[PDB]
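Following: one structure in structure tokens, then a few remarks.
The numbers here are math on the coordinates, done by the rules we state, and not lab data. Note that we place each Cβ from the backbone using ideal geometry, even for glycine, and neighbour counts take in every protein chain shown.
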Amino acid sequence: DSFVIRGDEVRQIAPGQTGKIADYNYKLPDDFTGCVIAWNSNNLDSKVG
Amino acid sequence: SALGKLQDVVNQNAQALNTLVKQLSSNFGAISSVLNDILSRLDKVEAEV
């Protein structure tokens with residue numbers, strides 16, 4: 001699942017948590033088996049304008 | 001004291017039933033003995049313990 005979120009919203013990806021993003025558009029089940037991969041992309045997605 | 005054996009058996013059965021019905025009020029290390037007070041005070045990931 002490829003998606004871009006805020007750096008402060010990384011803690012919401014964990015299952016059984018709270019947050020606006022973790023409860024409205026994306027949510028993981030309580031029996032999720034896998035790994036969460038995330039990295040900084042400031043010099044790739046962000047624009048000066 | 002002529003019928004002490006039957007009375008003792010009845011008292012033992014009653015005491016066993018009372019202990020079994022009173023063990024529900026114990027906490028056993030939990031936060032409370034009532035499940036409604038636990039399922040309405042914590043989230044769905046910490047109340048499971």
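Table for the structure above
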read-out	value
Scope the range A:12-34; condition surrounded by 11 or more Cβ atoms within 10 Å (Cβ to Cβ) and outside any loop (DSSP other than H, G, I, E, B); matching residues	A:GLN12, A:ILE13, A:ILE21, A:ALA22, A:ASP23
Residue among A:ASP23, A:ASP30 that alone is of a type in the set (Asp, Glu), within 23 Å of B:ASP43 (Cβ to Cβ) and in contact with a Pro (Cβ under 7 Å, 6 or more places away or on another chain)	A:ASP30
Selected residue (criterion: nearest to A:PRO29 (Cα to Cα)) from residues of the range B:33-45 that are within 14 Å of chain A (Cβ to nearest Cβ) and surrounded by 10 or more Cβ atoms within 10 Å (Cβ to Cβ)	B:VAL45
Tabulated pairs, the range B:16-32, first part of a helix (DSSP H, G or I), second surrounded by 10 or more Cβ atoms within 10 Å (Cβ to Cβ), C-beta under 7 angstrom, 6+ apart or interchain	B:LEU24/B:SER33; B:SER25/B:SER33
Out of B:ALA16, B:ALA30, sole residue that is surrounded by 10 or more Cβ atoms within 10 Å (Cβ to Cβ) and over 30 Å from A:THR18 (Cβ atoms)	B:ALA16
Residue within the range B:8-29 that is within 14 Å of another protein chain (Cβ to nearest Cβ) and within 27 Å of A:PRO15 (Cβ to Cβ) present	no
Cβ pairs under 8 Å, 6+ apart, first in the range A:19-40 and of a type in the set (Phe, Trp, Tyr), second not in a helix (DSSP H, G or I)	A:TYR26/A:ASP1; A:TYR26/A:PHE3; A:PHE32/A:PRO15
Residue match in the range A:35-49 (condition: within 24 Å of B:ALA47 (Cα to Cα) and either part of a loop (DSSP other than H, G, I, E, B) or not charged (D, E, K, R) (or both))	no
